[PDB]
Amino acid sequence: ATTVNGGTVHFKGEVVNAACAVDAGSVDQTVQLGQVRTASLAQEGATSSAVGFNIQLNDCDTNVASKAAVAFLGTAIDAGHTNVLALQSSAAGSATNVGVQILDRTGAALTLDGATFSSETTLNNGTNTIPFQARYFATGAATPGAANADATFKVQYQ
Amino acid sequence: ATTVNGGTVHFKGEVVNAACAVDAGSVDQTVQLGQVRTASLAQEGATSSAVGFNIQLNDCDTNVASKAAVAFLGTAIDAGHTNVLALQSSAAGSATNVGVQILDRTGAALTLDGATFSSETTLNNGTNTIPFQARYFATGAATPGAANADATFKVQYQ
Amino acid sequence: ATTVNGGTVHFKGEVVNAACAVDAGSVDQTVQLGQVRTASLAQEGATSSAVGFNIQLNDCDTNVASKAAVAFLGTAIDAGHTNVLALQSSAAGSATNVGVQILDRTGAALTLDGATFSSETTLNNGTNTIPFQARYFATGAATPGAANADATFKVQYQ
Amino acid sequence: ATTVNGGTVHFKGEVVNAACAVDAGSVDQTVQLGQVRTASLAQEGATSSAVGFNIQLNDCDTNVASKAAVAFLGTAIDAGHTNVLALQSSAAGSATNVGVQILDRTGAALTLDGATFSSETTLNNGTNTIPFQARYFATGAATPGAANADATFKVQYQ
Amino acid sequence: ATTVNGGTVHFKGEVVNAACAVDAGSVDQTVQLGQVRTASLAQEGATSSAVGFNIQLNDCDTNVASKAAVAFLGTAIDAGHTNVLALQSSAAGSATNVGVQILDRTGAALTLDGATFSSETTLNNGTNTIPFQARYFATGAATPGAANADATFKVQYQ
Amino acid sequence: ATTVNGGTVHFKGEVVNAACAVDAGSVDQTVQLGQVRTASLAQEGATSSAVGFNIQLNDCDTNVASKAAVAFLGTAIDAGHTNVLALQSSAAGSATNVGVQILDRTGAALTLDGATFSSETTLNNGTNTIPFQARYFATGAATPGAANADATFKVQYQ
């Protein structure tokens, strides 16, 4: 009887030519690292506790590819720390001398060039979960502030 | 003492003469369908796994109306596929022979003309959620690319 | 106390005896198609990915009219391609053998003469948005250059 | 090295002895009102929906002045409607019985004599923005046509 | 080897001499009020449900200032309702007798004169978020339409 | 029946002979730096917190090129600071001794001559995202004011 305007729906997705497809919950996931004390990042090379995040793969076909690796891309904090993400929230409130390190399943920090892939993980037919960890890395004496960071990843099927 | 310029706030809303009001989280929502392999859309009529999204109606009054239906409006991929959304992100990166198909609570695909309303759902006083599903539809051999799409919906109360 | 002259303000608008009124954001809008590779437009009939744009109608009264259609009027690239917009930015830099195609909600290219109206969209009282898509159309081997174009539209109410 | 003629650049500006300075984007701005229906302006005194626009003040010094007001100057539509702008685009095609009203931040229409100043908004050090609204005013039965208008403003500092 | 023109990037920001700095996500934010029924705004003085939004301050120094207040500036709907924002989207389609009220942390509606600051909130070193609410206010029998509004705010530190 | 003039639509884009094409959302994008305090920019060489932005590439073909680099072009603040964007808003109200630095994915600031390309990022078939950061740079004691800036970029494929 009465018809009114409702609104808009935006659909996001991608068609890939690969052995697996990234889950809808892994393409744009947010990782809450929590707070970290300055006393825990009081020197160069100091690290915080790790926070785990996963990249799920769906509809995997082991006949097409047997192993999958992930390479992360982002802004590095320095020219001597290529495996540490630079913080980026705003222009005023952000921690200095602090970055974010992404660790593959072997526990090694991945360099953020978009070309160095992590350790290959064998795939099974179906749903695959690749484990990663993230932590704060101190390039000096840390100062308080926001510690948000962003990165993109690509998956290599071989 | 010290007063500085802060910024600007924009308020978006609508006043409707209807039995229900669309929730602020449903008037403009993003649905992340994730990725789909090209191998899963290798023929005309192929479909992917469905992703659900809801349209929430607030402050519903059953004395005004008891049933609600939703009609979507968007560009169609072809004249032979009038229930398949055409992808629209940019001029370079997009999947070909692929479209987004919107499913109502009965599993049928809705016509994207803004005049074919979904199955009517009984309303109760207060908050009502109308379930919907979105998937990918292949009008041929799919090719890799971005698969973003947009559509608008209206709500009919009777 | 101190009075100085500030400037000038210009107001643009129209009064129409129609069922709806075009929104202020739709009477003069810019659509960013983005870049497209010459490799994707390497032959006659080649098309690019589509970019969407909407023409919003406000204060619609379904008693006056229930269906709305839109015709477009611009310079055609050729007499054998009457649905392709010719590019026009300057005298030096522009793409050759490239045009702009406007697609209505059925996915069909519209003739650019201001007399071939698109598919009639059902109207509801209040805000109405009519979806359109724009893409690049190759009338030959495309060559690099700017690809700016423009057109005027008129709305038919019945 | 080939040297060719390039063209001409014209610089516009003004040196003011005032507390603030009008932004380069506010000295000459175009306000797009959109379309309005004759049915919404079918009687004397009928108003349309308002469209907002701002006049921005830069480099404000509160030590010189603390309050700024704006007076608008233009051709009135009648002797009994001195706060309604007369339309002016060309000798034909303009709307009759329609005018433009500039609304203060208190919602009151401003007299278009260049001497009635608006509400005195309080200034802060730095960028300052004064909100304004423009709407269509019907002095009779509105007729279709173009509804362009122009006005000039001066800023009072005290 | 192949160099092409990419595009343009625009950087927006402000340098302030204040105890805090407004976050990049708070200087220009959109608040989605959602829809409201005319039945909920059927009389003068009727209010809708509130939608919350925050203004975030970064790099706060409690040594410089301990309390922060926010004053909003915009066009008032009338002269008796100086705390109700006037709607402004286009010349047609907006709601009538409907406004937007901004409520501070104490629930009181703020006068939109740009000089009546909200309740003082104590600042802590680092990130501070000031809670605000926005609701709909009826100045009579509400009529259907778009209900967009805009306002600017300034932050006082003392 | 009733046909009225609707308005104008302008299509903007480019045809490029390159390995990738810049996304429509990256050809002309506005990034919000936010506010920054003069206390954080109180000396030459002082920097602010970084704000990230991306240049998305679409329809990438790794058979044409495997790496992409971006060079930015704009007005430098001084002769000794060739990698700091000069602020440009208007004849009044801008900040002094403040500029914008665009940081490569390696964390280094880029020279703004349109010929110093950033570090190459490996490309994959399909959508590619190149990360960048923007911050404020002080060439002296910063003064309050607006801090808007502009720059153009070009992409090298090799």
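Per-chain residue numbering starts at 1, and chain names A, B, C, D, E and F are given in the order in which the chains are listed.
The rule is short, and it goes like this: contacts are C-beta pairs under 8 Å (C-beta built on N, C-alpha and C of every residue); 3 or more make two chains touch, one makes a residue touch a chain.
**Q** Could you give the fewest steps needed to travel from subunit A to subunit E through chains in contact?
**A** The distance in steps between these two chains is 1.
**Q** So which pair out of A-F, A-E or C-D basically repeats E-F, with more than half the contacts the same?
**A** It is C-D that repeats the E-F interface.
**Q** Have a look at D-E versus A-B and report the one with more C-beta pairs in contact.
**A** Counting C-beta pairs in contact for A-B and D-E gives the edge to A-B.
**Q** Please tell me the distance, in whole Å, between the geometric centres of subunit D and subunit F computed from their C-alpha atoms.
**A** 34
**Q** Nearest whole angstrom, what separates the Cα centre of subunit B from the Cα centre of subunit C?
**A** Chain centres of subunit B and subunit C, defined by C-alpha means, are spaced 24 Å apart.
**Q** Give, as an integer number of Å, the spacing between the C-alpha centres of subunit D and subunit B.
**A** The separation of the two C-alpha centroids amounts to 40 Å.
**Q** Where the CA atoms of subunit B average out and where those of subunit E average out, how many Å apart are those spots?
**A** For subunit B versus subunit E, the centre distance works out to 29 Å.
**Q** Using the touch definition from the top, which residues of subunit D touch two or more other chains?
**A** If we look for residues of subunit D contacting two or more partner chains, we find 33-37, 40, 51, 124-127, 129, 136, 144.
**Q** Which category does the touching pattern between chains fall into here: line, ring, star, complete, or other?
**A** Its topology fits none of the listed shapes; call it other.
**Q** Spell out the part of subunit B that touches subunit C in their complex, as residue ranges.
**A** So the residues of subunit B touching subunit C come out as 14, 16, 73-79, 82, 86-94, 112-115, 145-146, 150-152, 154.
**Q** Hey, which residues of subunit C end up touching subunit E in the complex?
**A** Residues 13, 21, 23-25, 35, 58-59, 125-127, 144.
**Q** Report the residues of subunit A in contact with subunit C in the complex, numbered from low to high.
**A** My answer: residues 3-5.
**Q** Help me check something: in the complex, which residues belonging to subunit B touch subunit E?
**A** 1-25, 27-28, 58-59, 61, 64
**Q** For the complex, which residues does subunit F have touching subunit A?
**A** 33-37, 40, 48-52, 103-108, 121-122, 124-127, 129, 131-133, 135-136
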